[PDB]
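Peer 1: Sharing a structure with you now.
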Amino acid sequence: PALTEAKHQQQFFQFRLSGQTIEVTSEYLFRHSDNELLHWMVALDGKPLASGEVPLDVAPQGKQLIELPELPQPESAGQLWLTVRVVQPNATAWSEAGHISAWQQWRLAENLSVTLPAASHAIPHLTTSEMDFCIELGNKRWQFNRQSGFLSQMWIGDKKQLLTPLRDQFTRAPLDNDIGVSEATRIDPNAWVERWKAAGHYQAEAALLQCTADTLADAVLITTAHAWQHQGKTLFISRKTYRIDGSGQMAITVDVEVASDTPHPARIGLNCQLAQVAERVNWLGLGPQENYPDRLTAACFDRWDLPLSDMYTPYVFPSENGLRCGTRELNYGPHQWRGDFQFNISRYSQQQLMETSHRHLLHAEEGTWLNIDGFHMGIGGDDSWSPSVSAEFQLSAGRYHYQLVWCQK
Amino acid sequence: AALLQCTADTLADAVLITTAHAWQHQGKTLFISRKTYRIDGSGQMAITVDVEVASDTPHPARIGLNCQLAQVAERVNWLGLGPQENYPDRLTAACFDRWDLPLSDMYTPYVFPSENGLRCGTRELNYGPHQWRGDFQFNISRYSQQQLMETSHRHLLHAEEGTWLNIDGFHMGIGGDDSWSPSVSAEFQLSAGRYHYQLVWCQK
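Chain order of the listed sequences is C and D.
According to the entry's author numbering, the first sequence is numbered sequentially starting from 615.
According to the entry's author numbering, the second sequence is numbered sequentially starting from 820.
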């Protein structure tokens, strides 16, 4: 996938946007732009409002100015985005017709949504037991273990939806850059992996500090607090509140505290094993290729839909992968999530990943594993034998906040 | 501002307030604010703020709340960066400790008036009978930001009725690489899109 990052950055054309004007700047030193078509497009959250084609006519090391016909000014809520492509109409010795040489994308304007949720004709039904809390609402039931504190299971009818409960994740299947040159034998105390291990990040014990469930007029509120500890030391504190309403939409709210003295965590999110296994995946966010926070300039914000198969990158040496960023809505099966996060979704748990040495040794698990990240650490790569993730990409704020909405269809 | 929703419920452990407002202008929505107030058996009111800023609006100078206190005390005591006024792009000199000074010293007599006095990375603020807690930045004076921005000389300023309190969970950089063009570096602009901050109001 890194290739694309490369292609994007080394492009021969550079674009600037000013008002309704696109400035094209050439970076060729000898040729004129003579096999080049500029394609522009406008869209509202993935929805195409207007397209256009403009032929490029720029002189090596020169500029062009492309004027935009008046642009659609929607009212519906959403993100207005502008996207340009440079296409080569004719083939060449090293490229077929239609080839794409460059692209750029801009966020035109945003329209925040101030619309109130439809009134409901009923409310969830909170139910207590020695073992858990059961909330129902029609055919949908959610169950919350009282000893664990987590949403341990969910139903759509008679059908159970999870294979593993939905819990906080703060680790990752260490990347090559993460490992550096550390070996069982030779341990490099600087590689992030070693720091993570030694800190106990991998073996920390989640503790419930407080579970609570309440019925309110319009909905049911659940509340938790957990702590993760390693050898007497607390590394993280997870404080959440779930809120299920008449519509059957669960609202998750996460608030994380990271001990200042602990190695920056690779991640701050949730994860669970789904029971379902669908064909495609569809999302509204940076895509379609794998992208990380310090590697996603080649990624364009739009509506992607691919086969599950394309969400796992088959690196010869298994580790975290498939991530996609800046996601706003994600659909798999009858589910659907919304917020602002990054995610990955495949048939292999991080564990597996982190234990299999060769991709051919990997075996597909029972359902689909989902990692939903509120924050993810950069992958780096200035070099593979030392820490390379720059500061800006280290989860170091101390306090993280996230919110999700989880619903079906 | 325009109310979108204002509920209330009694919980086993506390009363829970819940609001949501939208600020508009000429048909556009600049910000959406969402809070949860939660007064407990302790008389401790936890505030939860979650802002949404229209991506096509000029990043805002700040993100917080204000109010005019009816009280007026001699000192101020805080546990944050101090002891001198400090902004996000100008606080390396500041130390994190326990600060106690005269209300007077929390104002900066700049000859030509403006926002001033902010202190950052505060986790505890004490004034009178009240104590705030969290992680935010504040400023405390006898002047309103409105008065400040209306009075062109510092000598024509006058103390308002109580004590105007400003509590920000995020404030913009002051800049000043030059004073004839925007000098505020990107890292110091409030361009995130969504901001969240928590507060806990309590009295003694």
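Beta carbons: idealized from backbone N, C-alpha and C, even for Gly.
(1) Restricting to runs no shorter than 4 residues, where is the alpha helix (DSSP H) found entirely within the stretch 805 to 839 of chain C?
(2) Can you check whether the CB of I986(C) is closer than 7 Å to the CB of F957(C)?
(3) For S852(C), tell me which candidate among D648(C), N896(C) and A821(C) has the shortest Cα-Cα distance.
(4) Do the stretch 713 to 727 of chain C and the stretch 824 to 836 of chain C touch if we need at least three Cβ pairs shorter than 8 Å?
(5) Consider the Cβ of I851(D): report whether some Cβ of chain C lies at a distance smaller than 7 Å.
(6) On the three-pair Cβ rule with 8 Å, is the stretch 866 to 886 of chain C touching the stretch 1011 to 1018 of chain C?
(7) Exposed or buried, what is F931(C) when buried is set at 16 or more other beta-carbons lying within 10 Å of its beta-carbon?
(8) Compile a chain-ordered list of the residues in the stretch 860 to 873 of chain D whose CB is closer than 7 Å to at least one CB of chain C.
(9) Quick check: is the beta carbon of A831(D) nearer than 7 Å to any beta carbon in chain C?
(10) Considering Cα atoms alone, identify which of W897(C), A865(C), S1010(C) and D859(C) is closest to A733(C).
(11) Does DSSP classify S1010(D) as helix, strand or coil?
(12) Assess, as a yes-or-no matter, whether the stretch 795 to 813 of chain C is touched by the stretch 974 to 986 of chain C under the definition of 3 or more beta carbon pairs within less than 8 Å.
(13) State yes or no: is the beta carbon of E684(C) nearer than 7 Å to at least one beta carbon in chain D?
(14) Output the distance between the C-alpha atoms of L849(D) and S998(C), rounded to the nearest integer angstrom.
(15) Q966(C) by DSSP, collapsed to three states: which one?
(16) Within 8 Å, do at least three Cβ pairs link the stretch 901 to 918 of chain C to the stretch 998 to 1008 of chain C?
(17) Which value, in whole angstroms, describes the spacing of the CA atoms of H844(C) and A873(C)?
(18) Find the residues of chain D that neighbour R760(C), judging by a C-beta separation of less than 7 Å, and give them in chain order.
(19) Can you tell me which residues form a DSSP beta bridge with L751(C)?
(20) Nearest to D875(C) by alpha carbon, out of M655(C), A1011(C), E641(C) and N704(C)?
(21) Mapping DSSP to helix, strand and coil, what is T635(C)?
(22) Short check: CB of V891(D) to CB of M925(D), under 7 Å?
(23) Kindly indicate the opening and closing residues of the alpha helix (DSSP H) around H622(C).
(24) Considering only their Cβ atoms, is the gap separating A841(D) from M991(D) smaller than 7 Å?
(25) Of all the options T941(D), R917(D), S960(D) and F989(D), which has the alpha carbon lying nearest to the alpha carbon of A978(D)?
(26) Where does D996(C) fall in DSSP's three states?
(27) Mind checking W708(C): buried by the 16 CB within 10 Å criterion, or exposed?
(28) Excluding five sequence neighbours on each side, which residues of the same chain lie with their C-beta closer than 7 Å to the C-beta of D954(C)?
(29) Please go through the same chain and pick out, in chain order, the residues whose beta-carbon is closer than 6 Å to the beta-carbon of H878(D), but skip the five residues on each side of it.
(30) Over what stretch of residues does the alpha helix (DSSP H) that includes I793(C) continue unbroken?
(31) The beta strand (DSSP E) that contains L898(D), what's its start and end?
(32) Please decide whether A978(D) counts as near chain C, where near means a Cβ-Cβ distance under 7 Å.
(33) Look at the alpha carbon of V672(C) and the alpha carbon of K661(C), and state the distance between them as a whole number of angstroms.
(34) Show which residues of chain C have a CB atom less than 7 Å away from the CB atom of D828(D).
(35) Mind checking whether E667(C) and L651(C) have CB atoms under 7 Å apart?
Peer 2: In terms of the structure at hand:
(1) 806 to 813
(2) yes
(3) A821(C)
(4) no
(5) yes
(6) Result yes; three or more Cβ-Cβ pairs closer than 8 Å.
(7) The residue in question, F931(C), is exposed, as its Cβ has fewer than 16 Cβ neighbours within 10 Å.
(8) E871 and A873
(9) yes
(10) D859(C)
(11) coil
(12) The stretch 974 to 986 of chain C is not in contact with the stretch 795 to 813 of chain C.
(13) Cβ-Cβ to chain D under 7 Å: no for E684(C).
(14) Taking the straight line from one Cα to the other gives about 45 Å.
(15) helix
(16) Counting C-beta pairs with one atom in each stretch, the stretch 998 to 1008 of chain C and the stretch 901 to 918 of chain C have three or more that are closer than 8 Å, which means they touch.
(17) 12 Å
(18) Within 7 Å Cβ-Cβ: nothing; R760(C) doesn't reach chain D, min ~15 Å.
(19) Per DSSP, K754(C).
(20) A1011(C)
(21) strand
(22) no
(23) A616 to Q623
(24) no
(25) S960(D)
(26) DSSP places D996(C) in the coil class of the three-state scheme, outside both helix and strand.
(27) exposed
(28) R942
(29) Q1008, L1009 and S1010
(30) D790 to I793
(31) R894 to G901
(32) no
(33) 31 Å
(34) Under a criterion of Cβ atoms nearer than 7 Å, the residues of chain C adjacent to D828(D) are, in order, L830 and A831.
(35) yes
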